[PDB]
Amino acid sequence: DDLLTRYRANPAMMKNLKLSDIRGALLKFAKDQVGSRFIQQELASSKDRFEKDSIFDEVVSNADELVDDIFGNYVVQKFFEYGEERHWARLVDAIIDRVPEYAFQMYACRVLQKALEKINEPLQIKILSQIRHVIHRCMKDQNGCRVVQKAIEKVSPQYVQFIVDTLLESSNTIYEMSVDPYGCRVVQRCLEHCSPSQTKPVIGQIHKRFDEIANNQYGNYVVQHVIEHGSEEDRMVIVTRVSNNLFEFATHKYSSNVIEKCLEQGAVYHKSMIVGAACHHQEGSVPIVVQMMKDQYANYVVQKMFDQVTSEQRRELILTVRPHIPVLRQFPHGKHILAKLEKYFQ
């Protein structure tokens, strides 16, 4: 009987099994639930460098079969860890040619991510050179975008310029990505980690179709990232557009969170623009702020106003709202809405 069946049979009868006993059995061990667990704990607990190197020729030899196995991918990942550094380069050579494929696969993509987490920049670049061939499809992929996000988080900004130039490959790409459940994560990481040199054309593209992206289920998270990570002029352009169209932005499901984000990240003079738009006369109608507390989404925006502004800015909101407090008591949740405001009408 092969060593694995023997081992799975009576685990405790084999308590002196070592990695150098595995030899040819590596591939079957690594694809086995029990066997892969054995290798893993051996690789982590052993303080013998030569035991650890023993199975490595087999890992390399079977790399293609292992990287996308439910149990083998962990064995390959062990050799991308710190302290196995002496192996990173030849492990990378064993998987390099199929990186374009591995990036899309649910198990192999975890190997690519661990490698990007650990290896030195020259090897990170070698892996990115393969990603380049499939980058656009990769960014919209449930698995592919995790490798792209990891690249952006771990590689020097200058070596992911090809990812930014993909976001800019054609007019509608930034829009296409920002409204993708996976592409939007890529745009966010770019806003977090790229140089302002690199993010400015990207943010520019986002501004051109701002209204659409801001009210999208995924784009609203991209605009929020622009608010937190773009420039002062970006925040200014956004607040200004938000204030001129305050009621339409606040009464929609996704764009309402964008106003909340302006209130949380804005300087005092941006907050003032939003308070002023909300307390504006409009002779022939209730002030905007009052209409906003009657609304399923906008009522959270008004609450965020009251909590994020100065007492001086709150004064105007209190004076504008207070007449209308009884009428607002009627509509559904209208009670509970001013409940959480009774601390400012005390």
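Don't overthink the numbering: it's just position in the shown sequence, from 1.
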Q | Unmodelled in at least a third of other entries of this protein, residue 283 | A | yes
(Q) Please compare 286 to 294 with 29 to 37 and name the stretch with the higher mean C-alpha B-factor in the deposited structure. (A) 286 to 294
**Q.** Residue stretch of maximal mean CA temperature factor, 302 to 310 vs 60 to 68
**A.** 302 to 310
**Q.** Record-listed C-alpha B factor of residue 253: chain third
**A.** middle
Q | Lowest, middle or highest third - CA B-factor, residue 215 | A | middle
Q) Thinking about Cα B factors across the chain, which third does residue 266 belong to? A) highest
Q) Thinking about Cα B factors across the chain, which third does residue 203 belong to? A) lowest
Q | Chain-wide C-alpha B factor ranking for residue 247, given as lowest, middle or highest third | A | middle
